[PDB]
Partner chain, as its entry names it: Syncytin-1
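Just the one chain here, laid out as structure tokens, in the form solved without the partner chain.
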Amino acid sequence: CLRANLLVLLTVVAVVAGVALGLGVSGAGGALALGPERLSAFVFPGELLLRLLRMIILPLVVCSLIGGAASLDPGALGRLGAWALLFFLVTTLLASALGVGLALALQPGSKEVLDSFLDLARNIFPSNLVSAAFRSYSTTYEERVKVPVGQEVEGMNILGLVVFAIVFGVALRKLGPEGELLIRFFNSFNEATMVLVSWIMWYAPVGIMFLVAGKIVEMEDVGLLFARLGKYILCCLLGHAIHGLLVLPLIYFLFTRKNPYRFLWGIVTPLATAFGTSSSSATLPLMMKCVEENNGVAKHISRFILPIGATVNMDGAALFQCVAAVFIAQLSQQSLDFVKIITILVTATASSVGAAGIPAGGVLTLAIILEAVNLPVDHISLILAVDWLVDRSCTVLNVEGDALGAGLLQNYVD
């Protein structure tokens, strides 16, 4: 059909065929018939796609952000970043409010908060760049009265690398003629990483198919999960659909006076990749590639906004956290007042920034949100029963706001 629409069709067909294949395998026995020896082989292609996507996050993010920050005047870059941060904050607040409202209407029913925010601040300013390339600071507790002791756990410190890349790009821009060589070096490295991303996009349909097939094979008795948490799943999915098809497109159309669904058509493939992988960081390379090629977004604007948006802007995470918090409060028959709603919204918005963009990443912040609202923590056990689905529906939105943000900021630049 094309070289950019054929990929979209192949990815959609891959998602549909993965769902069909997973249902067929589950009907034929699923995990019991296959066993771990065959389940590992069955789900391996999706793991391979995830590994390929994760391998290119660090060079792509670092080089793209250094080039983007070094390609703009410090005042212009500061204004663009302030506007992007305001847009991200407003969209996250809207997502949280929508989630709380839908949870209140449809009625579906550890680490300290300060330590979590201190860990976020520590991750913003990493103590080592090489270590931050594969580790993140995390605080555990010891019984010396609990005392917080921090150490580096596995997991790429994307936020610290983003901050360092931005400040290094600003420094390169301030250098002048002396930094032009490094700007060229990082631009060339990012171009090569884009070539690798374009190659990986062709394997992406197979990986997505096997990812969704294995995901719906592993968690068997899906009908029982629906019979248990239908209202909660409906609240989460309806909130994500409203935010990604009604609220964010309305904002895009109001600010740019352009069709937002044509914008979403060009990023359908990274959206399906996000759904398959349930991680914004891994689908970020495909997001940048599709935004730059399929959409008329500027190279520097995309390379600057999309990594920051992937790290920080998470509408789906905030929406899921708010819906889960209200659902757990309803399960405990805990009445929620106006102040309770406000603190729920604020905590969800703050935690969405600190999310690491990895599968099952909202559950970690859910506990801190419930602690802030003094809601019980045991009921999170129910969420993990269906989180594997809900998180996926989050990731789509978590990237969908970023791209629509960039395309919005493009109109601001033009």
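Each form is matched to the other, and the largest set of C-alpha atoms that superpose within 1.5 Å is called the rigid core. Residue numbers count along the first chain shown, from 1.
Beyond what is shown, the protein has a form deposited with the partner chain bound; the following relates to that form.
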Query - Selected contact from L345, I358, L375, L389, since only one has a non-hydrogen atom within 4.5 angstroms of the partner chain in the deposited bound form - result: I358
**Report entry** Sole residue of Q333, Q151, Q107, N259 within 4.5 Å of the partner chain in the deposited bound form, by heavy atom
**Finding:** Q151
Query raised in the report: Taking heavy atoms only, is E220 within 4.5 angstroms of the partner chain in the deposited bound form?
Result: yes
Query raised in the report: Does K215 reach the partner chain in the deposited bound form, with heavy atoms at most 4.5 Å apart?
Result: yes
Query raised in the report: Given that the partner is absent here, does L32 sit within 4.5 Å of the partner chain in the deposited bound form, heavy atoms only?
Result: yes
Query raised in the report: Using 4.5 Å between non-hydrogen atoms, is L211 touching the partner chain in the deposited bound form?
Result: yes
Requested in this report: Output the sequence-ordered list of residues from 62-90 with at least one heavy atom within 4.5 Å of the partner chain in the deposited bound form.
Outcome: none
Query - Entry of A171, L93, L85, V222 that shows, once the rigid core is matched between the shown form and the other one, a C-alpha shift of 2 Å or more - result: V222
Query raised in the report: If we fit on the core, is the Cα of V377 displaced 2 Å or more between the shown form and the other one?
Result: yes
**Report entry** Rigid core fit then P249 CA moved by 2 Å or more between the shown form and the other one
**Finding:** no
